[PDB]
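**Student:** Following this message is one structure expressed as structure tokens.
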Amino acid sequence: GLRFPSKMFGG
Amino acid sequence: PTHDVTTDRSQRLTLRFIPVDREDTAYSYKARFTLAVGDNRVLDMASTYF
Amino acid sequence: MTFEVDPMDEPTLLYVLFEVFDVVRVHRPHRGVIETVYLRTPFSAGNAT
Amino acid sequence: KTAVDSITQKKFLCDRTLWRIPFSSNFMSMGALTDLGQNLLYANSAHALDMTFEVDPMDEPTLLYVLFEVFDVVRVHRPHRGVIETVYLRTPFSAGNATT
Amino acid sequence: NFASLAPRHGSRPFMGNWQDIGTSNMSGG
Amino acid sequence: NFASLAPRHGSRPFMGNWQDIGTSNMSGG
Amino acid sequence: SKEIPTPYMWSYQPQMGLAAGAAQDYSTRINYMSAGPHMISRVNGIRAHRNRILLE
Amino acid sequence: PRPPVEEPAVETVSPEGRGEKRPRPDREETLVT
Amino acid sequence: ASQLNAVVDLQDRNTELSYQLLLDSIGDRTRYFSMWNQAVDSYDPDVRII
Amino acid sequence: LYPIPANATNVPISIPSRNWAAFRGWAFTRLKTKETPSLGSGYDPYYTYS
């Protein structure tokens, strides 16, 4: 959903 | 009786219906028809046959 | 039910006619609509609500 | 350096599968009972269907296996000991009212 | 409520879900 | 409270599940 | 099915003189799987008018 | 280690994390368990 | 436009024997009608009972 | 199973006329007549393929 945190490299 | 029994318009007594889709198996065959009864016509299914 | 028959040297079948009321009521409320309801009692095919 | 003049032949092989064409308004599986099967154009009216398949010619008598996808449903009732009653219904291509 | 038929994880029954009682498995949809 | 020790997914502390507090695994049990 | 159910008809046992046990009236059911809303609604009003008689 | 669980006590299996058809890859959106 | 088959046919019905016993009740059965191939099976009584 | 002749390119099929309520879609694949037994028969004597 909209609560899933965004994909970043290493965090 | 004269009126309100038999129409004056062009209308067939007996109709001929072509099989719209015939499916033939080795042990049976299926014949599908369009039995179209038009407006202001009645069909007793005793008169229908193959 | 218990049927005692004469013996035969052949496989035979016993064909019992459980006499019912195999009755159909037919409604055609609109053009090209053919609605049928079947009831037979006591050996019904069956339909719930 | 002595390569000949060459042309490219492209193709694909897709084994084990069935070419699905869903009867939906956006070709997406948003449910089995699709929005076009529920559409009142295709629900209260009758329509002919004429499909036309253009295939590669083969040197052998072949067949065409079309899945007209339906709802082949069976509802099973056991009301008493030893009694097994079933009601069958598939739509669209109905065999009919196959109650037992 | 048939909760004595469920395996107790701890002190509470491990009941299933309501929405898992049916099936919708069908080829292509 | 102990909820300021959790990473904040948004403005809410991302608290772990209550079901992950104990272990239950054995050799087929 | 819940609103208009099928009645549980009782099985008699002539020896003990008690009822054996009740199963639903599956054998007197009426088949409207080939009917439409002009006639399914009329049969469901007969399933319910029968259930009012049995409570009466 | 354990499938997801709601707590209404009774202990009810939660349907979260199950696989679905999605137009976008499900790992960049959710955690799939 | 209906998908609503008026023929609800069962295995423990006998439509053929229902039609053989119907024609006995509604008319003379010894008479022959070639259109429905209506010619009833009749043994010779001198052959069966000598 | 609609038959395709040898070296035939266009395969016209025809579902005649029907209500299409609760229709889900199509899925199609060409087969071989040698590799497909005429099922519905208890024995296919013209099926020389295993």
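**Student:** Work out the length of the dipole vector of chain I about its Cα centre, built from +1 on the beta-carbon of each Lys and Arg and -1 on the beta-carbon of each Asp and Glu, and round it to the nearest 20 debye.
**Tutor:** 120
**Student:** What whole-number value in cubic angstrom gives the convex hull volume per residue for the C-alpha atoms of chain B?
**Tutor:** 97
**Student:** I want the local charge near residue D:87. Using Cβ-Cβ distances under 11 Å, sum +1 for each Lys or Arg and -1 for each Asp or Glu among the other residues.
**Tutor:** Charge balance in the 11 Å sphere: +1.
**Student:** Now a separate question. Can you tally the net charge around residue C:16? Count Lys and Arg as +1, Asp and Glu as -1, for every other residue whose Cβ sits under 15 Å from the Cβ of residue C:16.
**Tutor:** It works out to a net charge of -2.
**Student:** Hey, another quick one. How big is chain C by the Kirkwood estimate over distinct Cα pairs, in Å?
**Tutor:** Roughly 15.0 Å, rounded to one decimal.
**Student:** Relative to the longest principal axis of chain G, what angle (0 to 90°, nearest 10) does the C-alpha long axis of helix G:37-55 take?
**Tutor:** Here the helix axis deviates by roughly 30 degrees.
**Student:** If you don't mind, another one. For a quick size check, give me the Cα extents of chain G along its three principal axes, largest first, whole Å.
**Tutor:** Here the spans come out as 47, 24, 16 Å, largest first.
**Student:** Give me the one-decimal nm value for the distance between modelled label points at residue D:49 and residue B:17, 7 Å along each residue's Cα-to-Cβ direction.
**Tutor:** Result: 2.1 nm between the two label points.
**Student:** Let me ask something else about it. Rounded to a whole number of µm²/s, how large is the Stokes-Einstein D of chain D at 37 °C and 0.692 mPa s, given Rh as the Kirkwood radius over C-alpha pairs?
**Tutor:** 173
**Student:** Under the rule of -39500 (n - 2.57) per DSSP H run of 4 or more residues, summed and divided by the residues of the protein assembly as shown, what mean residue ellipticity at 222 nm is obtained, to the nearest 500 deg cm²/dmol?
**Tutor:** -2500 deg cm²/dmol
**Student:** A further question follows. What is the distance, in nm, between label points placed 7 Å from the Cα along the Cα-to-Cβ direction at residue A:8 and at residue I:23?
**Tutor:** 9.0
**Student:** Can you give me the angle between helix I:15-26 and the longest principal axis of chain I, using Cα atoms only, in degrees from 0 to 90, rounded to the nearest 10?
**Tutor:** Compared with the principal axis, the helix lies near 60 degrees.
**Student:** Set the Förster distance to 51 Å, then compute FRET efficiency between residue C:27 and residue D:7 from the Cβ-Cβ distance, nearest 0.05.
**Tutor:** Efficiency computed from Cβ-Cβ geometry: 0.15.
**Student:** Another question about this same structure. Please arrange E:21, C:34 by how many other C-beta atoms lie within 10 Å of their C-beta, fewest to most.
**Tutor:** Listing E:21, C:34 from fewest to most nearby Cβ atoms yields E:21, C:34.
**Student:** Continuing with this model, one more query. One-quarter of the Cα convex hull surface for chain J, in nm²?
**Tutor:** Mean projected area for chain J: 5.7 nm², to one decimal.
**Student:** Can you return the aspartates and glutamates within cross-link range of residue J:32? Criterion is Cα-Cα under 20 Å, with same-chain partners fewer than 8 residues away left out.
**Tutor:** Candidates past the 8-residue exclusion: B:23, B:24, D:15, D:54, D:56, D:59, D:60, J:44.
**Student:** While we're looking at this one, here's another question. Tell me, what does the Kirkwood hydrodynamic radius of the protein assembly as shown come to in angstroms if you use every pair of distinct C-alpha atoms?
**Tutor:** 30.6
**Student:** Right, next: Counting other C-beta atoms within 10 Å, which of G:12, J:2 has the fewest, and how do the rest follow?
**Tutor:** G:12, J:2
**Student:** Under a straight-distance cross-link criterion of Cα-Cα below 28 Å, which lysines are reachable from residue H:21, leaving out those fewer than 8 residues away in the same chain?
**Tutor:** A:7
**Student:** Report the net charge of residues surrounding residue J:50, where surrounding means a beta-carbon distance below 13 angstrom and charges are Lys +1, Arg +1, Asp -1, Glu -1.
**Tutor:** Residues close to residue J:50 contribute a combined charge of -1.
**Student:** Sort G:26, J:43 so that the residue with the fewest other Cβ atoms within 10 Å of its own Cβ comes first and the one with the most comes last.
**Tutor:** If I rank by nearby Cβ atoms, fewest first, I get J:43, G:26.
**Student:** Label-point separation (nm) for residue J:32 and residue H:18, each offset 7 Å from Cα along Cα-to-Cβ?
**Tutor:** Between residue J:32 and residue H:18, the simple spin-label model gives 4.2 nm.
**Student:** Please list the three semi-axes, largest first and in whole Å, of the ellipsoid equivalent to chain I, using sqrt of 5 times the eigenvalues of its alpha carbon gyration tensor.
**Tutor:** Whole-Å semi-axes of the equivalent ellipsoid: 34, 15, 9.
All of the numbers you see were taken from the coordinates with simple rules; none came from a lab. Backbone-built Cβ (ideal geometry, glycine too); neighbour counts: all protein chains shown.
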